[PDB]
Structure formats: structure tokens, C-alpha cells
Amino acid sequence: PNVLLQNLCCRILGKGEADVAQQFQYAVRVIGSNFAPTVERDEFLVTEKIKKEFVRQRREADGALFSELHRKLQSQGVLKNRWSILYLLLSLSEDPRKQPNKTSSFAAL
Amino acid sequence: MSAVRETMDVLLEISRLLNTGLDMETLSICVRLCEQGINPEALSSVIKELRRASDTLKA
Amino acid sequence: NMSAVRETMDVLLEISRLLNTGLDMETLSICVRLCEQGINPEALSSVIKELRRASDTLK
Amino acid sequence: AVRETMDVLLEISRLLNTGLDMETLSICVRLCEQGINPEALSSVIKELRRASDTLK
Amino acid sequence: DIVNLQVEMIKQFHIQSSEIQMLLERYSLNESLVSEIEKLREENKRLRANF
Amino acid sequence: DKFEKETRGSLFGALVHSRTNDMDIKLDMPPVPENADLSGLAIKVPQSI
């Protein structure tokens, strides 16, 4: 796991291969605190959250498409690790309206 | 390895529609992490914290 | 430019008095500038509220 | 009291497909009667279980 | 949500405490450093014999 | 010459502390060791390398 978590720390920052040390040790600590989740597995339930979310952001067409893509996905190869993958994409889901304020002026504080 | 190439083209469609904002190389790291086993809560939590951190460091 | 800042200050000042607040205009003028410098509405709210908590205790 | 209560708990745990031995349940009754918070008690088992899975 | 938060809070406390103790002990007593003073003292008695 | 320099330096062997061509050096034995107060002492043993 160490070579993989690390490479994530280098890529995300897009720079630094030991200048990302702070972020690595931090990632390791965070992962080292034991989270427990609200619902573990079931393909249908995670898929549904993504469908409702689609409708809610006014990207109804795309929501329609996502269902085709979901079925397709199983046929290119079956996943045992899907709930977790589909969750990660869920938590990173955004709305097409509005910006999150400035976060390039927030550094100066 | 043939298999590995097909899955990523469909996966990249969901992520770009849903707004996620991960390039190809990084999207491969998470799939590795999830296969070796990770709590899902931790994985989302780091990605969000690294992103917030990165934008401030740059600016 | 001097008029524009002032007209803006005024429309906000009518609204503030209506929802009631002990705050003067000058601190309210800072808040607009803090929002304008970006910054998530929850961070902005918490610090304002906290200052008010600290003032009241102090006097 | 202990044996009979253990036999009933053990059967429920088997229905749940929940990996627990004889040893846990007997120790659990003894704490519960001298007073143990059920939230505290539970959390201790959930956590202990997660660690044997990480180690193993 | 609370139960998971509670369990996580205690676990950080234990971890962080371990690390801080180890740091405090290391600078507070280091057997390595004590020897080099002694070696250095042994040197001084031999210096004062050479002049 | 090696014998003369060695002899002259060691002050006829009366210096076992270092060799120096100095006639004004004070002859002092090293102060009692650190651990002497704990372990007592035994005779010192020198080497050839």
C-alpha cells in the first residue's frame, strides 16, 4: 500500500516526490483512524444514490446515460470493489451551478 | 491487461459526468487501493483534504 | 467609485437593521470584503458569532 | 444462569452468521450484571473484531 | 454516527500520546550522549598529563 | 638520529605522556579515572600494534 498511497500524494499536488511527505504521513494517520461506514455493499443501493443525485442537480440526461454505463461496466468485467469505487465518485459529485467561493484567495489567510 | 484497458474507458465516462475531477493516472491509484482493501470513508476523506490543500499551496 | 461603495453599503445597512444586530456598519463593511476574498459561508459565520460571544462576556 | 443464557445467545449468533465463540458470551453476561454500558460494551466487541480482521 | 466518532476519538488519543512520550524520553535521557561526555572527560585527564 | 630524537623527546624515558622537546614541561600523571570511584582500579596494560 505504501508505494500506491505515496504516488497519489505526488500526483494530486502535481509536484514533489518528498515535498509531499507532510501529506503522506497525514494520509497514513487518517487511514490509521478506523472509520466505520453507513451501509457496506449492495450494488443497487449505491447505484440509486447516484441516480437521485443526478435528478437533483438537473443533469437528467446524464442520469439516463449513467444506467447504460453501469450495465456496460459489469460486462467489460465484473467488480468486487464497486461499492467503494462508486462511493468515491459519489462523495466527489458536484452541482453545475455556482462556485465554491475563492480558494485561491483563501491561502493568504 | 486487455481487461484492464476496457474498464477504464467506461469508468472515465461516469467520473467526468458526475464531476469528480481525477485524471487517468490518479483514477488508476484508487482502483488499486479499493482492490487491496480500504474503508470507503477514508478514501473520500483524503481526496477531498488533499485537493483543498493543493489549491491553497499553489496560490 | 466613491458613490458605488456607499450605495452598496446603504442597501445592506437597511437590511441589517431589519433582521436586528448590535453590529455597526464598519464591521459589516469588513464582512463584505471577507466574502469577496472568498471563504465558505460557515467559516465566516462561525468567526463573526464567536467575536460577538467574546465581546459580550468581556463587557 | 450463565450456561443457559449462553446457549440461547449462541444460537442467535449462529442465525446472524456472526462469528462468536462460547467464551465471549459468558464473559459478556458477567459484565452486564455488574454494570457495563451496552453502548460501551458493544463498541468494544465491534472494534476487537475489526482488529482481528486487519491483523489476519 | 456518534458511536463511530466516539471510537475514533479515543484511538487517536492513545496513538498521539505514544509518539509524544517517545519524543520526550529521547531528548530527556540519551545513553549515547552521556557516553561521549565520559569519553571526553577521559580525554581531559590525559590532556592535562601531556602538558 | 632516530635514537637521539626519541631519547631527547621522551626525556630519557621520564615522560610517558607524550614526546616533546621541551625542558620546561611540568611532569603530571593523569587525574584519577571517571569510573575509579565505582569499580576501583587494576593495573594498566599497554599494547603493541
# chains A, B, ... in the order shown; residues from 1 in each chain; ligands from 1

call {"tool": "interface_residues", "arguments": {"of": "chain D", "to": "chain A", "cutoff": "10 Å", "atoms": "only C-alpha atoms", "output": "count of residues only"}}
result
4

call {"tool": "interface_residues", "arguments": {"of": "chain A", "to": "chain C", "cutoff": "12 Å", "atoms": "only C-alpha atoms", "output": "PyMOL selection string"}}
result
chain A and resi 99-109

call {"tool": "residues_around", "arguments": {"residues": "stretch 31-46 of chain F", "least_positions_apart": "3", "cutoff": "9 Å", "atoms": "only C-alpha atoms", "output": "JSON, numbers by chain"}}
result
{"E": [38, 41, 42, 44, 45, 46, 48, 49], "F": [28]}

call {"tool": "write_last_selection", "arguments": {"atoms": "N, CA, C and O atoms", "output": "CSV table (one decimal), in the first residue's frame"}}
result
chain,number,residue,atom,x,y,z
E,38,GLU,N,31.7,11.3,28.9
E,38,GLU,CA,32.6,10.5,29.6
E,38,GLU,C,33.9,10.2,28.9
E,38,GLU,O,34.9,10.4,29.5
E,41,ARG,N,35.8,13.5,29.0
E,41,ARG,CA,36.4,13.6,30.3
E,41,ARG,C,37.7,12.8,30.5
E,41,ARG,O,38.6,13.4,31.0
E,42,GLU,N,37.8,11.5,30.0
E,42,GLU,CA,38.9,10.6,29.9
E,42,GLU,C,40.0,11.2,29.2
E,42,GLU,O,41.1,11.2,29.6
E,44,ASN,N,40.3,14.6,28.8
E,44,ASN,CA,40.8,15.8,29.5
E,44,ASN,C,41.8,15.4,30.5
E,44,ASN,O,42.8,16.2,30.6
E,45,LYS,N,41.7,14.3,31.3
E,45,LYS,CA,42.7,13.9,32.2
E,45,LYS,C,44.0,13.5,31.5
E,45,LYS,O,45.0,14.0,32.0
E,46,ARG,N,43.9,12.8,30.4
E,46,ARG,CA,45.1,12.6,29.6
E,46,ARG,C,45.7,13.9,28.9
E,46,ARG,O,46.9,14.0,28.8
E,48,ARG,N,45.7,16.9,30.4
E,48,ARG,CA,46.4,17.6,31.4
E,48,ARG,C,47.7,16.9,31.8
E,48,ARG,O,48.4,17.4,32.7
E,49,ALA,N,47.9,15.6,31.3
E,49,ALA,CA,49.1,14.9,31.6
E,49,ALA,C,50.2,15.2,30.6
E,49,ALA,O,51.4,14.9,30.8
F,28,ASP,N,53.2,15.7,35.2
F,28,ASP,CA,52.0,15.3,35.8
F,28,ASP,C,51.5,14.1,35.3
F,28,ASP,O,51.5,13.8,34.1

call {"tool": "select_by_dssp", "arguments": {"residues": "stretch 4-55 of chain D", "states": "alpha helix (DSSP H)", "output": "MDAnalysis selection string"}}
result
chainID D and resid 4:15 22:34 38:55

call {"tool": "closest_residue", "arguments": {"among": "E:40, E:4, E:17, E:23", "to": "chain B", "atoms": "only C-alpha atoms"}}
result
E:4

call {"tool": "interface_residues", "arguments": {"of": "chain E", "to": "chain D", "cutoff": "12 Å", "atoms": "only C-alpha atoms", "output": "ChimeraX atom specification"}}
result
/E:2-8,10-11

call {"tool": "residues_around", "arguments": {"residues": "residue D:1", "least_positions_apart": "3", "cutoff": "10 Å", "atoms": "only C-alpha atoms", "output": "list in words"}}
result
residues 4, 5, 6, 26 and 29 of chain D

call {"tool": "closest_atom_pairs", "arguments": {"of": "chain A", "to": "chain E", "cutoff": "12 Å", "atoms": "only C-alpha atoms", "output": "Markdown table"}}
result
| residue | atom | partner | partner_atom | distance |
| --- | --- | --- | --- | --- |
| A:29 | CA | E:12 | CA | 8.8 |
| A:30 | CA | E:12 | CA | 9.5 |
| A:31 | CA | E:8 | CA | 11.1 |
| A:32 | CA | E:12 | CA | 8.8 |
| A:33 | CA | E:8 | CA | 6.1 |
| A:34 | CA | E:8 | CA | 6.1 |
| A:35 | CA | E:4 | CA | 6.7 |
| A:36 | CA | E:4 | CA | 6.1 |
| A:37 | CA | E:4 | CA | 8.5 |
| A:38 | CA | E:1 | CA | 8.2 |
| A:39 | CA | E:1 | CA | 11.9 |

call {"tool": "residues_around", "arguments": {"residues": "residue A:50", "least_positions_apart": "4", "cutoff": "8 Å", "atoms": "only C-alpha atoms", "output": "list in words"}}
result
residues 46, 54, 63 and 90 of chain A

call {"tool": "closest_atom_pairs", "arguments": {"of": "chain B", "to": "chain A", "cutoff": "7 Å", "atoms": "only C-alpha atoms", "output": "CSV"}}
result
residue,atom,partner,partner_atom,distance
B:6,CA,A:76,CA,6.2
B:7,CA,A:76,CA,5.8
B:10,CA,A:73,CA,6.3
B:14,CA,A:66,CA,6.5
B:15,CA,A:89,CA,6.3
B:17,CA,A:62,CA,6.8
B:18,CA,A:93,CA,5.4
B:19,CA,A:93,CA,5.1
B:20,CA,A:92,CA,4.8
B:26,CA,A:8,CA,6.4
B:29,CA,A:4,CA,6.3
B:34,CA,A:81,CA,6.0
B:35,CA,A:81,CA,6.0
B:39,CA,A:35,CA,6.9
B:40,CA,A:84,CA,5.2
B:41,CA,A:35,CA,6.4
B:42,CA,A:31,CA,5.7
B:43,CA,A:88,CA,7.0
B:44,CA,A:88,CA,5.4
B:46,CA,A:27,CA,6.4
B:50,CA,A:12,CA,6.9
B:54,CA,A:13,CA,5.4
B:55,CA,A:104,CA,6.6
B:56,CA,A:107,CA,4.8
B:59,CA,A:104,CA,5.3

call {"tool": "write_last_selection", "arguments": {"atoms": "N, CA, C and O atoms", "output": "compact mmCIF listing (two decimals), in the first residue's frame"}}
result
# COMPACT_ATOMS: atom_id res chain seq x y z
N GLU B 6 -10.11 -2.02 -21.06
CA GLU B 6 -11.52 -1.75 -21.35
C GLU B 6 -12.38 -1.05 -20.31
O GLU B 6 -13.42 -0.47 -20.56
N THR B 7 -12.04 -1.42 -19.00
CA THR B 7 -12.83 -0.98 -17.84
C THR B 7 -12.74 0.48 -17.61
O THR B 7 -13.71 1.17 -17.28
N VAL B 10 -15.10 3.15 -19.74
CA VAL B 10 -16.47 3.27 -19.14
C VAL B 10 -16.49 3.97 -17.82
O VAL B 10 -17.36 4.80 -17.60
N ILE B 14 -18.37 7.83 -16.35
CA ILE B 14 -19.12 8.19 -15.08
C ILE B 14 -18.51 9.33 -14.35
O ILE B 14 -19.16 10.33 -13.97
N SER B 15 -17.13 9.27 -14.13
CA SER B 15 -16.47 10.24 -13.34
C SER B 15 -16.53 11.62 -13.91
O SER B 15 -16.73 12.62 -13.17
N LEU B 17 -19.00 12.73 -16.14
CA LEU B 17 -20.30 13.20 -15.98
C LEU B 17 -20.68 13.68 -14.57
O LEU B 17 -21.43 14.67 -14.54
N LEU B 18 -20.25 12.95 -13.54
CA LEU B 18 -20.65 13.14 -12.18
C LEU B 18 -19.95 14.21 -11.42
O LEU B 18 -20.44 14.71 -10.42
N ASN B 19 -18.77 14.68 -11.96
CA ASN B 19 -17.89 15.74 -11.53
C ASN B 19 -17.13 15.14 -10.42
O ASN B 19 -17.65 14.92 -9.39
N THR B 20 -15.87 14.87 -10.70
CA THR B 20 -15.07 14.20 -9.78
C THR B 20 -13.74 14.93 -9.98
O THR B 20 -13.37 15.73 -9.10
N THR B 26 -4.35 9.00 -11.71
CA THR B 26 -4.88 9.01 -10.30
C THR B 26 -6.05 8.06 -10.21
O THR B 26 -6.28 7.41 -9.20
N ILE B 29 -4.81 4.74 -9.39
CA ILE B 29 -4.43 4.53 -7.96
C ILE B 29 -5.51 4.16 -7.01
O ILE B 29 -5.33 3.36 -6.09
N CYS B 34 -8.77 0.35 -3.51
CA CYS B 34 -10.03 -0.35 -3.33
C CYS B 34 -9.82 -1.82 -3.53
O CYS B 34 -10.53 -2.46 -2.72
N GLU B 35 -9.03 -2.39 -4.46
CA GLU B 35 -8.78 -3.83 -4.62
C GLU B 35 -7.97 -4.47 -3.53
O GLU B 35 -8.15 -5.66 -3.16
N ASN B 39 -11.26 1.22 3.58
CA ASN B 39 -12.52 1.75 4.09
C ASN B 39 -12.91 2.80 3.02
O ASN B 39 -12.02 3.51 2.55
N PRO B 40 -14.16 2.96 2.65
CA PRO B 40 -14.51 3.88 1.58
C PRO B 40 -14.45 5.30 2.13
O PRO B 40 -14.09 6.29 1.40
N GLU B 41 -14.83 5.51 3.45
CA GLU B 41 -14.90 6.79 4.15
C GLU B 41 -13.55 7.42 4.16
O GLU B 41 -13.42 8.65 3.96
N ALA B 42 -12.49 6.64 4.45
CA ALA B 42 -11.14 7.21 4.49
C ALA B 42 -10.80 7.75 3.11
O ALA B 42 -10.20 8.76 3.02
N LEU B 43 -11.03 7.02 2.02
CA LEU B 43 -10.61 7.33 0.67
C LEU B 43 -11.21 8.61 0.14
O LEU B 43 -10.48 9.46 -0.44
N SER B 44 -12.48 8.78 0.39
CA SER B 44 -13.13 10.05 0.06
C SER B 44 -12.64 11.21 0.91
O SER B 44 -12.38 12.34 0.38
N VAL B 46 -9.61 11.60 2.47
CA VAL B 46 -8.30 12.11 1.98
C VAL B 46 -8.30 12.92 0.71
O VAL B 46 -7.64 13.95 0.74
N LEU B 50 -6.69 16.70 0.44
CA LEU B 50 -5.50 16.86 -0.47
C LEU B 50 -5.74 17.92 -1.55
O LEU B 50 -4.87 18.70 -1.86
N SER B 54 -3.96 21.35 -1.88
CA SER B 54 -3.25 21.61 -3.03
C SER B 54 -3.49 22.98 -3.64
O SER B 54 -2.51 23.62 -4.03
N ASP B 55 -4.77 23.40 -3.76
CA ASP B 55 -5.16 24.66 -4.33
C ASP B 55 -4.62 25.83 -3.53
O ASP B 55 -4.19 26.85 -4.02
N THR B 56 -4.63 25.71 -2.18
CA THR B 56 -4.07 26.79 -1.34
C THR B 56 -2.56 26.86 -1.48
O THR B 56 -2.01 27.95 -1.37
N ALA B 59 -1.47 28.66 -4.72
CA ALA B 59 -1.84 30.04 -4.82
C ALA B 59 -1.06 30.91 -3.67
O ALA B 59 -1.26 32.17 -3.79

call {"tool": "interface_residues", "arguments": {"of": "chain B", "to": "chain D", "cutoff": "12 Å", "atoms": "only C-alpha atoms", "output": "list in words"}}
result
residues 36, 37, 38 and 39 of chain B

call {"tool": "residues_around", "arguments": {"residues": "stretch 3-14 of chain F", "least_positions_apart": "6", "cutoff": "12 Å", "atoms": "only C-alpha atoms", "output": "ChimeraX atom specification"}}
result
/E:50 /F:20-29

call {"tool": "atom_distance", "arguments": {"atom1": "atom CA of residue E:18", "atom2": "atom CA of residue E:32"}}
result
22.0 Å

call {"tool": "atom_distance", "arguments": {"atom1": "atom CA of residue E:31", "atom2": "atom CA of residue F:30"}}
result
25.7 Å

call {"tool": "decode", "arguments": {"residues": "stretch 22-43 of chain F", "atoms": "N, CA, C and O atoms", "output": "mmCIF file, in the first residue's frame"}}
result
data_model
loop_
_atom_site.group_PDB
_atom_site.id
_atom_site.type_symbol
_atom_site.label_atom_id
_atom_site.label_comp_id
_atom_site.auth_asym_id
_atom_site.auth_seq_id
_atom_site.Cartn_x
_atom_site.Cartn_y
_atom_site.Cartn_z
ATOM 1 N N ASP F 22 60.871 19.679 25.163
ATOM 2 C CA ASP F 22 60.596 20.796 25.972
ATOM 3 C C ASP F 22 61.205 20.432 27.247
ATOM 4 O O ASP F 22 60.934 19.290 27.667
ATOM 5 N N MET F 23 62.072 21.322 27.794
ATOM 6 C CA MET F 23 62.628 21.212 29.097
ATOM 7 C C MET F 23 61.938 21.962 30.202
ATOM 8 O O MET F 23 62.525 22.127 31.323
ATOM 9 N N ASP F 24 60.715 22.529 29.931
ATOM 10 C CA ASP F 24 60.090 23.443 30.869
ATOM 11 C C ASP F 24 58.677 22.880 31.130
ATOM 12 O O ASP F 24 57.999 23.356 32.027
ATOM 13 N N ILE F 25 58.201 21.801 30.457
ATOM 14 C CA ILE F 25 57.000 20.994 30.768
ATOM 15 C C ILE F 25 56.960 20.447 32.139
ATOM 16 O O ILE F 25 58.030 20.013 32.642
ATOM 17 N N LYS F 26 55.776 20.576 32.851
ATOM 18 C CA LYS F 26 55.582 20.064 34.191
ATOM 19 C C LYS F 26 55.267 18.621 34.042
ATOM 20 O O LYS F 26 54.453 18.188 33.229
ATOM 21 N N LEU F 27 55.942 17.719 34.798
ATOM 22 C CA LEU F 27 55.680 16.308 34.875
ATOM 23 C C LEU F 27 54.466 16.012 35.773
ATOM 24 O O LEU F 27 54.594 16.154 36.981
ATOM 25 N N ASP F 28 53.242 15.688 35.165
ATOM 26 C CA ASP F 28 51.999 15.347 35.835
ATOM 27 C C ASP F 28 51.459 14.059 35.272
ATOM 28 O O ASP F 28 51.482 13.839 34.050
ATOM 29 N N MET F 29 51.000 13.123 36.183
ATOM 30 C CA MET F 29 50.302 11.887 35.863
ATOM 31 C C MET F 29 48.884 12.339 35.678
ATOM 32 O O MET F 29 48.467 13.336 36.304
ATOM 33 N N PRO F 30 47.994 11.722 34.802
ATOM 34 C CA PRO F 30 46.570 11.988 34.571
ATOM 35 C C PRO F 30 45.772 11.901 35.910
ATOM 36 O O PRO F 30 46.137 10.993 36.618
ATOM 37 N N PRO F 31 44.760 12.766 36.086
ATOM 38 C CA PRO F 31 43.862 12.616 37.300
ATOM 39 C C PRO F 31 43.150 11.299 37.314
ATOM 40 O O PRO F 31 43.042 10.674 36.258
ATOM 41 N N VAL F 32 42.742 10.782 38.560
ATOM 42 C CA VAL F 32 42.021 9.533 38.790
ATOM 43 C C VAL F 32 40.856 9.330 37.850
ATOM 44 O O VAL F 32 40.071 10.266 37.622
ATOM 45 N N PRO F 33 40.648 8.166 37.124
ATOM 46 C CA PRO F 33 39.543 7.968 36.205
ATOM 47 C C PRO F 33 38.102 8.106 36.788
ATOM 48 O O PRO F 33 37.853 7.976 37.985
ATOM 49 N N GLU F 34 37.154 8.325 35.754
ATOM 50 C CA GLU F 34 35.791 8.549 35.998
ATOM 51 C C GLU F 34 35.181 7.534 36.865
ATOM 52 O O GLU F 34 34.538 7.828 37.878
ATOM 53 N N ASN F 35 35.296 6.267 36.392
ATOM 54 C CA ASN F 35 34.686 5.075 36.996
ATOM 55 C C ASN F 35 35.541 4.505 38.165
ATOM 56 O O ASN F 35 35.147 3.490 38.678
ATOM 57 N N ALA F 36 36.693 5.153 38.468
ATOM 58 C CA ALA F 36 37.541 4.559 39.524
ATOM 59 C C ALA F 36 36.879 4.442 40.866
ATOM 60 O O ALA F 36 37.072 3.518 41.662
ATOM 61 N N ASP F 37 36.034 5.449 41.101
ATOM 62 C CA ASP F 37 35.228 5.601 42.295
ATOM 63 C C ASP F 37 34.106 4.581 42.484
ATOM 64 O O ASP F 37 33.543 4.336 43.563
ATOM 65 N N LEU F 38 33.862 3.840 41.359
ATOM 66 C CA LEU F 38 32.863 2.773 41.297
ATOM 67 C C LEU F 38 33.394 1.415 41.234
ATOM 68 O O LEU F 38 32.854 0.563 41.931
ATOM 69 N N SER F 39 34.404 1.159 40.400
ATOM 70 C CA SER F 39 34.970 -0.083 40.042
ATOM 71 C C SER F 39 36.298 -0.427 40.731
ATOM 72 O O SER F 39 36.771 -1.523 40.536
ATOM 73 N N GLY F 40 36.922 0.509 41.500
ATOM 74 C CA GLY F 40 38.278 0.585 41.895
ATOM 75 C C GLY F 40 39.108 0.592 40.607
ATOM 76 O O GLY F 40 38.562 1.046 39.552
ATOM 77 N N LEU F 41 40.313 0.120 40.665
ATOM 78 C CA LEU F 41 41.184 0.043 39.533
ATOM 79 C C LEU F 41 41.948 -1.244 39.640
ATOM 80 O O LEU F 41 42.087 -1.812 40.732
ATOM 81 N N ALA F 42 42.595 -1.541 38.514
ATOM 82 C CA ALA F 42 43.594 -2.563 38.391
ATOM 83 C C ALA F 42 44.700 -1.958 37.573
ATOM 84 O O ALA F 42 44.531 -0.847 36.999
ATOM 85 N N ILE F 43 45.850 -2.588 37.562
ATOM 86 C CA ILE F 43 46.983 -2.192 36.769
ATOM 87 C C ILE F 43 46.603 -1.922 35.284
ATOM 88 O O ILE F 43 45.768 -2.634 34.690
#
